[PDB]
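Laboratory data are not the source of any read-out in this text; all were calculated from the coordinates shown. In this analysis, Cβ positions are derived from the backbone assuming ideal geometry, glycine residues included, and neighbour counts consider all displayed protein chains.
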Amino acid sequence: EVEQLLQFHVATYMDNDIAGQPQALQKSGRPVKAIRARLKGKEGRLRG
DNA sequence: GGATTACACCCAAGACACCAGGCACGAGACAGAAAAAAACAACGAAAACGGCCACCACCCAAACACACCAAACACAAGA
């Protein structure tokens, strides 16, 4: 359980859009802005 | 099963976690597991009764013969 907690924290530190699982959340209810979410899209690093 | 769905600009409005069961420590009880003893198997030692060879006599087995019966070539009959 605890090693899997480490695995999940490390995974969602990099990619919080993994299919078929909950998202690392903020206590405000929003999901964590992972690095991948930082890099992609119209508003991401590359295009924005 | 995911992933993408125009471009630029302006303004306003609300929030920027609170509260509840788990870790540590905090103490009991049968279960996770450890110690023991008494009725479980065997073997050593004595007792006398069941087992083996005699002795023995009456009942079943073999020989002799009887009459009786089953049976087998063939002289005769027959198609």
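Stretched out fully, how many nm does the piece from A:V32 to A:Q7 gain, at 0.36 nm a residue minus the Cα gap? List each step's numbers first, then the result.
On the way: separation 25, 0.36 × 25 = 9.00 nm, distance 1.58 nm.
Separation in residues times 0.36 nm, less the Cα-Cα distance, equals 7.4 nm.
Which ³J(HN,Hα) values in Hz, rounded to whole numbers, follow from the phi angles of the stretch A:15-26 under the Karplus curve 6.51 cos²θ - 1.76 cosθ + 1.60, where θ = phi - 60° and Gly and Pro get x?
My calculation for the stretch A:15-26 gives 8, 9, 10, 7, 5, x, 7, x, 9, 3, 10, 8 Hz in order.
Over all alpha-carbon pairs of chain A, lay out the pair-distance distribution in 5 Å bins, whole %, shortest bin first.
Whole-percent P(r) values from 0 Å outward: 5, 21, 23, 25, 16, 6, 3, 1.
Out of the GluC sites (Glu not before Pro) in chain A, which ones are loop residues according to DSSP with at most 12 other C-beta atoms within 10 Å? Intermediate results must be reported in sequence, preceding the final value.
On the way: sites: A:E1, A:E3, A:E43; in loops: A:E1, A:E43.
Of the GluC sites (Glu not before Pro), the ones in loops of chain A whose Cβ has at most 12 other Cβ atoms within 10 Å are A:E1, A:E43.
Among A:23-33, A:6-16, how do they line up from the highest to the lowest mean number of other beta-carbon atoms within 10 Å? Don't jump to the answer; show the numbers that get you there.
On the way: A:23-33: 10.5, A:6-16: 12.9.
Ranked from most to least packed, the peptides come out as A:6-16, A:23-33.
Cα to Cα, under 12 Å, and not fewer than 8 places away if on the same chain: which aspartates and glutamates meet these conditions relative to A:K33?
Hits, sequence-local ones excluded: A:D15, A:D17.
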